[PDB]
Amino acid sequence: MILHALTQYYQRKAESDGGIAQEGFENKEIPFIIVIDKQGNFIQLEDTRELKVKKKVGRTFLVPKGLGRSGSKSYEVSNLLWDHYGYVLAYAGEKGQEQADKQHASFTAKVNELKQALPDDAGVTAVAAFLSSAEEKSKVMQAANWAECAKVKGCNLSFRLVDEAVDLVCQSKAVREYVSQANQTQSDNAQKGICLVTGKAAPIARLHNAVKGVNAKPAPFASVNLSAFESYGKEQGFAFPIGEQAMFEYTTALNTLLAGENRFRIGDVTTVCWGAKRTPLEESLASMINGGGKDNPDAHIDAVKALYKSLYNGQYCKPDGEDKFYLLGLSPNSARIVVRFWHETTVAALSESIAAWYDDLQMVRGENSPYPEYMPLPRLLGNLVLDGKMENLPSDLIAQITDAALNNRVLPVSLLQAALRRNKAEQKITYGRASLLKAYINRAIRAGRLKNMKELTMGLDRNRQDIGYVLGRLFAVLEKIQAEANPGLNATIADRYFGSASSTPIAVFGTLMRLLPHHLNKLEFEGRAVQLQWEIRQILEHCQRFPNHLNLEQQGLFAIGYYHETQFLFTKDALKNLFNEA
Amino acid sequence: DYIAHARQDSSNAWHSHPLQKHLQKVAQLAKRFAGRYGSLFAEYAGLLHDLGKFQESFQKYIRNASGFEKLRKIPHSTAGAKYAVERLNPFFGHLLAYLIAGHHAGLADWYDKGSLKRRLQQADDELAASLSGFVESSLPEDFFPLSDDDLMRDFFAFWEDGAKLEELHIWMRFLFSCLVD
Amino acid sequence: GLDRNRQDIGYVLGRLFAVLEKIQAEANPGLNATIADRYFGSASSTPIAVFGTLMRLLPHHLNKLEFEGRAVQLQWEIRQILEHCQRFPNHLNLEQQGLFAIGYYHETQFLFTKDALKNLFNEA
Amino acid sequence: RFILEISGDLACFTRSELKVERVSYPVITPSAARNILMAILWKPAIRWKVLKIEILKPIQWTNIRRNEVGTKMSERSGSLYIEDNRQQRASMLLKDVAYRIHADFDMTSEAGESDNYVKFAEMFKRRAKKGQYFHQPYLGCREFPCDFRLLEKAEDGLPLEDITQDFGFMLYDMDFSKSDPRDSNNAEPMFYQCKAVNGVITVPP
Amino acid sequence: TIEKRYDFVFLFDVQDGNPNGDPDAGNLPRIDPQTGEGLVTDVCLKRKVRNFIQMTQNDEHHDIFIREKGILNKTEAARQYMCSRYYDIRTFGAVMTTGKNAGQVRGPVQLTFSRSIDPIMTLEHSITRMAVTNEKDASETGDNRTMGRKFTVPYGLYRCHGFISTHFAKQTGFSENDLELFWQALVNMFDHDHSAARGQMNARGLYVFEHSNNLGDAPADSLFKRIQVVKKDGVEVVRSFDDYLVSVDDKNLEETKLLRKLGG
Amino acid sequence: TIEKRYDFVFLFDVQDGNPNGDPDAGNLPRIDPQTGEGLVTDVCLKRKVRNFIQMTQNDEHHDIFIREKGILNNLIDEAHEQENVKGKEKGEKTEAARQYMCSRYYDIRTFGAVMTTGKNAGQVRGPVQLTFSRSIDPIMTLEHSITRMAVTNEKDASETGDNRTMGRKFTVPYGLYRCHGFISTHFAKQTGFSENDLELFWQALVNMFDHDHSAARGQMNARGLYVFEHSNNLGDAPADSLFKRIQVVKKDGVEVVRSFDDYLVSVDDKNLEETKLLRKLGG
Amino acid sequence: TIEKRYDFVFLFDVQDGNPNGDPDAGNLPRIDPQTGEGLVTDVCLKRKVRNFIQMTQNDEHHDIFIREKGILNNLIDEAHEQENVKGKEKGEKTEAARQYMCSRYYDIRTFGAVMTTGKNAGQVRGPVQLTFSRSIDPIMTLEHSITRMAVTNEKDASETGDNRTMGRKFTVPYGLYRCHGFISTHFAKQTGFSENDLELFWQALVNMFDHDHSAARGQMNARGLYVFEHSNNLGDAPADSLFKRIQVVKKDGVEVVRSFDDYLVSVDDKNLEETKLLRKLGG
DNA sequence: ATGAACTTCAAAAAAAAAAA
Ligand SMILES: [Mg+2]
């Protein structure tokens, strides 16, 4: 199902007119297309480049498929009419001649044996007269932009004769048919059966085709080539007898999705997501749709793309799915492709890890809270960072919190450590440090990494007995009383006592609570002083002694307890109510 | 009530734009705005464009922010959109919700940015509040007909042989223009 | 949340100060500077400093208590606390530093829980 | 028919396609299912035949990259030195599997004298209830043990209760017909699961 | 060759180290993603048995053939020779490039992914090196550092299940001497395979079950459930093997089983 | 090439400072979060041994695979310009270079070294392997907010009145860290770890905190090095049977430990005389 | 540079004042909480030694890497405007900058300095490493609430004319802090820290409290500086087997101390003379 | 001749909230 779900959208995108390589071809990224006249005579070396900031090498021309050269005598293979600045010009940037001239001795051979088998084309007779020139090819090096194709190793030049103007020599409706004939005769006399993917006879394809976009080089996604990965003496592709017509389909299915908008990194794991076979598009809804509705394979991938993007957008919505999205989360090994994810499941089922991420991360917010309901990871991790989210450690943090969030894994200790660092370093617990600590501690509980404690809740737990959480609440009420006593404070007992009330409660809370009677005295509403003192009595009723030192477990609680109680105090009528029910 | 727009008059008076006539006039205006295209279709988003303006909370914000009978920034676009998606049709409802929930936040995506799928699913409480406002005092129950059978006409009066998908966005923006205009 | 038999001198002094201020704040409830507002800072740290003066000051609050039996109520728990206080410590230990605030608010809760003192007195 | 109930913490019925980067077949392969039933009992008279797998725990995956070795062992070179022949095969393993393989068997051409189907049937029956085996059954890979049992009818809850995923063309049971003694020249027959209605029935060739 | 079926419950532990890191995730100890319990792929155990037998034997009949470059530096007549002069080929089996079953020698000793008893808490210890290796991107002016990463399990009592099959020993010639070497390995291999990544590991018990039958007179599951390993009564988080009750249960196996408590 | 196998219990302690701060946690001392027990990585004590051998030995045959300007390939390639430049046929040139460092770099003899980096120079296991030392009791990391009365950069706030960069100086008020160590004969054979190179390591463990001091770690001391020398290059006894043999418990009734005086290191030299030797080097 | 390694016990007390306020804890003195014993960061005494050297030396080769308007990158960039502007080849440009910052700044030559910051000046460890100063007995931080008859910005000015901002003055009614310190020779070689700079440091330790007085310090003194000068660059004896020679206890019958006359500082120079000197510089 | 050693292959890949 890993590949029959790729074959079964090649057969969908090839039938949704989405423009996928048709049965013999490949959307190869040809950077430095060659222009020739009708009888040779190199005209121009156009570069079909200029895309995303790393100038990806060429407009994807859907040219005859890359033949997977890959060998010591790699020169013999010679892709049909597009290959290489070493195959087209015999120019070796770093490979040396006789490893580029023998390439050109075979690329010219390939073109010519095409020309004999495909005459009166004026496109291949042109290039076959351009590949029997040795001078116009020399003129290719003396081109205006040749110096920029020599810069890109493995440049793929291809032969657009002039007077076709978009259509390559390998695009004419004879080379197009030749490839549709050279992938229907030569790749049909091979090992007769039987398909792994489709199950049909469909002659077996040894050498699956170089799935591009995963690795540093197009690597054969399914490729058993070492002395023992071969199971039954099957030798490299008969270990997995996938037909040529099916091998091509899923290879060019990955190739487009790793080159399309389907590709997106879940985290450090480039993933191709495509909608499964959509339901028959119930009649009423299909009444308005013309055709009617078509199963565009990559249609609602956004639902899943904007699910993992929701972890950074903070725009997570609990989804109701039943629209199943294939999500093949491949990743490079070295030059194999490691399927790290495979999910035919719905986006609702995929969300169960981000939902648990944004439910373990749920934290109290008052009214008109400037904080998002589900707080974006970059803005969430920005509460761990020095002052702006780029220095949060790209290996135990932003790159691992995401893996701990995308997968409902345990948030690393490096959050308590980092979130606590910032709690007592910014001298305040931003929503985002309280929320992130709530997520850490909830998952530490759920993993049995935080044994005695019970999972935190959104709200303040006017309970919880936790010698760190209740002192966090105590600090929250103490600082609320101070900020209620002195509205404009320059050094709240946060900014002055937090670093040691969080981590060392006897050092401080024995002296915060001498400031406390004075703060209560200064409350202009003495009844408000009574209410706040009542709740600090309630808070401190759960406390039997300020601990000498708060474990890393509880300084997270302190921060969570602080934020819980401080958003309880800044609730509409919470303290007035809770006081009035006593 | 309900106070669609609270204009502090130049004479230090306050005039109230009745949401009744605000929605009525917007729908009538973006019924001529669309020709054979969405004449009675864009109005059904004109009727609904500020349904969330019926919010009991927003009728406490538009007063607070515009100084009518003496700061929260209460969303109101999404409520009309959710009302549409539940009442007309999963197709027409979302069609109309693009227009409605975008009418101030800008036209929204379904998934990626400012996603409607998120806002509608989160509009349930907001729609409940705004529809409670709508039913609470005034606005006869057949003020929002949302007659899908009639609304099916100008859709099919324009989409002869069904709705082209690759250019259904052009209404979603042209009829959006009718609403926002 | 009150260990009436804690014996932690900081905690018993916190309890004692809580009842002392309870009496002061029942002696005259309209009070600008209760002993929390004027004495707590050292009662929590230097119990010998105040707690001597806090009990010069205590019988007069017990007199000023309007409900003459309420004075017995609160004096009884002062004695209940002071059984656990063999001496007002010169300087409260740091553990005891914090436990004094613990005691203040534990015993303050115990006093402002409705029937607790009037009940617990009647089991003596 | 035997309703043996393979189960194990992990399992890798490695898809032929994703062999170097092992991705387990979502359920027990009828080859791996059968060879398990040869691990408990086999003889070149019994020829096992899986009649119906039944998934008993949901298809749950855990990726495990093991530093596998790249090359076979050989008489020629008398050692590997793994750090020279290292490979890192990922393994999308099947965590917490269970499968009640409803399997029976037939008698081969070389059934011998004591060709009693009942003899081998009761032999396997005693082996499975007692727990005996020639080989601790491999859930696709020997690194994964089959904590089996010989159920009579049904003693575990199959999770794919309503009609569930069709895993497509899985390796059925590699064809050792052209092979000489000890499976030299084989081929792979493969099967539409048929679906997984709640426990997949397999197809006898 | 041995004539008994051995199903053993190895119980090693890691006290401050990385038992078996994950190439998935850098080098962090293989956790079970859903339950947090650590995994130690049997090939790691199969390695330290291999390593031990390579350290100790240093002779013919006991080579390893999958040997470490960093620890020591007709058709059924060479496959028997491989199952003769290579202890690993006998013990753990082989895939001989020439063979009968397209290569395999299965070898008696099957092994289980050593799942930890309780959720290990992989401690991502970001370590530093006061030196860069290459002419780094930032092997710059101020100092050469290559801030690194070294994980530990603060303790994990990993439980492995091995299944020595006397049926395979007959093909491989895995004699009772070789199997005694195997127990010596499991017990005495975390004393010899020490490292920086692997911290301190200790074979905290190798509870073999010898079966009077070749075929094996028990379900291996039932035997392993006789070796009940639990966190102790008051142990909140495990940190040493004396935080585990390894209660073996020999009460009912006594029919024809032998619980050789070879390591505990 | 030592001929015995050693299993030592090193017990050092930290008085006031970061025994080994966690770069993941500012510079918080590595705490095992579950138990609060401190951790001092393998590499920390290996580095402190390295520093001790950069201090006291300072010659060829005891280089250290070294300090700041330590482009490690500059040493790894330095191997390949040796007696093994071209006659050692890369296959075994790697091993020859690996042996060159196991002749030259005391760190690479004692501990290992991943040297496969530059011109691949082998990959040594290291006869001496320390384990992450856990403090016997939870370290009560104090996390002092120090102040600096001088800003470093032209800060966003390096403003008018004062320039200040407060910062954090985490300290362990006391932690008795118990490193376990394994000096395996088998890898002492491939690296040439000599009995001399082993007495150097014993000296290093005993004296390497007296010499590796800092503002960060303050005072650390080696509080005892109980070495179990086994008669065979195998193990006479299981290592942990010998490490539980050295049991360190907080003193009878100290609720929080302030010094070694609040710990009790009781060794059990009663039954190891099987053939083993407990040689007590610090305790 | 120095050719002996020193381990000094620097007993300094505070009589009525805040020896080192914990910014994490209001300003109340740093305290080892679970033992109540006070703390004075190593950076605090390094600061007062810096203040002393900035006070007395007033000359180049003894600058201090300095007071408030002390943007450190400014001094570091001064290092890169030297003989090593270009001539030192960025790799060792930072090392030449270290040698400079060590030459000029006695702070850097004596204590270290993290100067990797601006035009990177390297990273000096600093031969002199004071530890944290844990008071012998629990400091009974008094936290004297004080008053001011004045306020600050007319936002906290009273709604009546009576302005006052009482505030708090934490004082240790007495604490005999004990700072272990280590003059490491190996890093004296790095910084050029000489016996002249070391005698400056000893004067600084003895006289660093006579000069750094605050309303906060009240009265701090240097009750003793017992310097263990080892014969070797290495340590003749383990550092803590020396520091246990300076046993400071509260005297016979003091419930808790109130002056140095309440502490007996017993110095045990009986057998340290193995090869090694104890010089009672301060006491 | 089989299997390690080696030689070619190919030339990455990049994001991320408002609020009507
Ligand atoms: Mg509007």
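Calculation notes
- Residues numbered from 1 in each chain as written, not as in the entry; some residues may be left out.
- Chains lettered and ligands numbered in written order.
- Part of a larger assembly, values for the part shown.
- Heavy atoms only, no water.
- Donors = N, O, S within 2.8 Å, 3.2 Å for Na, K, Ca; no water.
- Buried < 20%, exposed > 50% of the residue type's maximum accessible area, 1.4 Å probe, protein only.
- Contact = heavy atoms within 4.5 Å.
- Buried area = accessible area lost by both parts, 1.4 Å probe.
- Salt bridge = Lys/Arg side-chain N within 4 Å of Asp/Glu carboxyl O.
- Polar contact = N/O pair within 3.5 Å; in protein donor to acceptor, adjacent residues only side chain to side chain.
- Nonpolar A, V, L, I, M, F, W, Y, C, P; charged D, E, K, R; others polar.
- Near = heavy atom within 4 Å.
- Helix = DSSP H or I, 4+ residues; strand = E, 2+ residues; numbered from the N terminus.
- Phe/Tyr/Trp six-rings, centres within 6.5 Å; stacked < 30°, edge-to-face > 60°.
- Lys NZ or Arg CZ within 6 Å of the ring centre and 35° of its normal.
- Expected span 1.5 Å × (residues − 1).
- Patch = residues over 30% accessible without salt bridge, like charges linked within 9 Å, V, L, I, M, F, W, Y side chains within 5 Å.
- Areas by Shrake-Rupley, 256 points an atom, 1.4 Å probe, with all protein chains shown as cover.
- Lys, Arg positive; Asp, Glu negative; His and termini not counted.
- Charge placed at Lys NZ, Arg CZ, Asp CG, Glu CD.
- Pairing = 2+ DSSP bridges.

- Going by the header, the method for this PDB entry is cryo-EM, and the resolution given is 3.0 Å.

## Some details on the coordination of the magnesium ion
Stage number 1. The protein atoms that coordinate the magnesium ion are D50(B) (OD), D50(B) (OD), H103(B) (NE2) and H104(B) (NE2), at distances spanning 2.2 to 2.6 Å. The exposure classification of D50(B) matches that of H103(B), with both residues buried.

## Concerning the interface of chain A and chain D
Stage number 1. Facing 36 residues of chain A, the contacting portion of chain D comprises 33 residues.
Stage number 2. Buried surface at the junction of chain A and chain D, both sides included, amounts to about 2900 Å², of which 58% is carbon and sulfur.
Stage number 3. At the boundary of chain A and chain D, one finds one salt bridge.
Stage number 4. When the shortest N-O distance is used, the salt bridge between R336(A) and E21(D) registers 3.0 Å.
Stage number 5. Joining chain A to chain D, the criterion identifies 10 residue pairs in polar contact.
Stage number 6. Here the residues of the side of chain A that touches chain D sort into 24 nonpolar, seven polar and five charged.

## Some words on the protein's contact with DNA strand H
Stage number 1. Residues in close proximity to DNA strand H total 41 residues, the closest being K52(A), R69(A), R263(A), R265(A) and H76(B).
Stage number 2. A distance of 3.0 Å separates a phosphate oxygen of DNA strand H from a polar backbone atom of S72(A).
Stage number 3. At a separation of 3.4 Å, a base nitrogen of DNA strand H approaches a polar side-chain atom of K95(A).
Stage number 4. Of all elements in the fold, only β6 (263–265), α9 (301–313) and α11 (377–381) of chain A together with α5 (90–105) of chain B reach the threshold of two or more residues within the surface near DNA strand H.
Stage number 5. Here the residues of the surface near DNA strand H sort into eight nonpolar, 18 polar and 15 charged.

## Brief notes about the interface of chain E and chain D
Stage number 1. Facing the 57 residues of chain E at the interface are 42 residues of chain D.
Stage number 2. Between chain E and chain D the total buried area reaches about 4300 Å² when both faces are included, carbon and sulfur atoms providing 55% of it.
Stage number 3. In this structure, the connection of chain E to chain D is made through two salt bridges.
Stage number 4. For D32(E), the salt bridge goes to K95(D), with nearest N and O atoms at 3.1 Å.
Stage number 5. Put simply, chain E and chain D have 25 residue pairs in polar contact between them.
Stage number 6. Within the residue set of the side of chain E that touches chain D, elements represented by two or more residues are β1 (5–14), α1 (42–56), α2 (75–85), β2 (109–111), α4 (166–172) and α6 (220–224) of chain E.
Stage number 7. In terms of residues, the side of chain E that touches chain D owes the most to one element, α1(E), which gives four residues.
Stage number 8. Here the residues of the side of chain E that touches chain D are counted per class, giving 26 nonpolar, 14 polar and 17 charged.

## So, the packing of aromatic side chains
Stage number 1. The final tally for this structure, using the stated rule, is 112 aromatic pairs over all chains.
Stage number 2. Centre to centre, the rings of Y37(B) and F158(B) are 5.3 Å apart; their planes meet at 75°, and the pair counts as edge-to-face.
Stage number 3. According to the relative accessible area criterion, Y37(B) is partly exposed, its value standing at 25%.
Stage number 4. Between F10(E) and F190(E), the ring centres sit 5.8 Å apart and the planes meet at 15°, which makes this aromatic pair stacked.
Stage number 5. Overall, the relative accessible area of 0% leaves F190(E) in the buried class.
Stage number 6. Following the ring pairs from residue to residue traces out a cluster consisting of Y37(B), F41(B), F91(B), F92(B), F155(B), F156(B), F158(B), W159(B), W171(B) and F174(B).
Stage number 7. We note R464(A) situated over the ring of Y469(A); from NZ or CZ to the ring centre the distance is 5.7 Å.
Stage number 8. Over the aromatic face of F112(C) sits the side chain of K22(C), whose NZ or CZ is 4.4 Å from the ring centroid.

## With respect to the side chain of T48(A)
All names here are of chain A.
Stage number 1. Summarising the element assignment, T48 is placed in the loop between β3 (40–45) and β4 (59–64).
Stage number 2. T48 gets classed as buried once you look at its relative accessible area, which sits at 12%.
Stage number 3. Of the polar contacts made by the side chain of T48, one reaches the backbone oxygen of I30; its length is 2.7 Å.
Stage number 4. Look past the residues within four positions of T48 in its chain and what remains in contact with it is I30, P31, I33, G58, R59 and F61.

## Quick notes on helix α2 (residues 117–130) of chain D
All names here are of chain D.
Stage number 1. End to end, α2 covers 19 Å across 14 residues, agreeing with the expected 20 Å (1.5 Å per residue, within 8%).
Stage number 2. Looking only at α2, the buried set comprises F120, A121, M123, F124, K125, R127 and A128.
Stage number 3. In this structure, the buried residues of α2 make contact with β1 (3–4), α1 (30–40), β3 (46–52), β6 (102–107) and β9 (150–151).
Stage number 4. Between a side-chain oxygen at the N-terminus of α2 and the backbone nitrogen of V118 the separation is 2.8 Å; the capping residue is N116.

## Considering the arrangement of the chains
Stage number 1. Spatially, chain C is disjoint from chain F: no contact exists, and the shortest C-alpha separation is 13 Å.
Stage number 2. In this view chain B stays clear of chain G, with the nearest C-alpha atoms of the two still 26 Å from each other.

## A few points about the pattern of salt bridges
Stage number 1. Throughout the structure, instances matching the rule amount to 109 salt bridges over all chains.
Stage number 2. Measuring nitrogen to oxygen at the nearest pair gives 2.6 Å for the salt bridge that ties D360(A) to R446(A). Remark: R446(A) occurs in helix α14 (residues 434–446) and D360(A) occurs in helix α10 (residues 347–360); sequence separation between them is 86 residues.
Stage number 3. Across the pair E37(F) and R134(F) runs a salt bridge whose closest N-O atoms are separated by 2.6 Å. Linking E37(F) in strand β4 (residues 37–40) with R134(F) in strand β8 (residues 133–138), this pair joins segments that are 97 residues apart in sequence.
Stage number 4. For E37(F), a relative accessible area of 13% corresponds to the buried category.
Stage number 5. A single salt-bridge network, built from bridges that share partners, covers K95(D), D96(D), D32(E), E37(E) and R115(E).

## Quick look at the environment of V267(G)
Stage number 1. One can find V267(G) in strand β11 (residues 263–267).
Stage number 2. In contact with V267(G), other than residues within four places in its own chain, are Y226(G), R245(G), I246(G), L278(G) and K280(G).

## Re a negative patch on the surface
Stage number 1. Where like charges cluster on the molecular surface, the negative patch consists of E373(A), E86(B), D124(B) and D125(B).
Stage number 2. Looking at the secondary structure, you find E373(A) in the loop between α10 and α11.
Stage number 3. Residue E373(A) is classed as partly exposed on the basis of its relative accessible area, which comes to 34%.

## Here's the deal with the sheet that holds strand β5 (residues 160–161) of chain A
Residues and elements named next belong to chain A.
Stage number 1. Pairing is mixed in the open sheet, where three strands are placed in the order β3-β2-β5. The open sheet has two edge strands with one neighbour each: β3 and β5.
Stage number 2. Relative to β3, strand β2 (residues 34–37) runs antiparallel, the two being bridged by three bridges. The residue bridging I34 from the neighbouring strand is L45, located in β3.

## A few points about the pairing of strand β8 (residues 141–145) of chain D
Residues and elements named next belong to chain D.
Stage number 1. Counting buried residues in β8 gives five out of five residues, a clear majority hidden from the surface.
Stage number 2. Pairing geometry for strand β7 (residues 138–139) and β8, over two bridges, is antiparallel. By the bridge assignment, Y138 is partnered in β8 with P145.

## Observations concerning the pairing of strand β1 (residues 5–14) of chain F
All names here are of chain F.
Stage number 1. With respect to burial, β1 is a largely interior element, 10 of its 10 residues being buried.
Stage number 2. For β1 and strand β10 (residues 220–230), the ladder comprises 10 bridges, and the chain directions are antiparallel. Across the sheet, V14 pairs through a bridge with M220, a residue of β10.
Stage number 3. By the bridge criterion, nine bridges tie β1 to strand β9 (residues 175–183) in an arrangement that is antiparallel. Paired with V14 across the bridge in β9 is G175.

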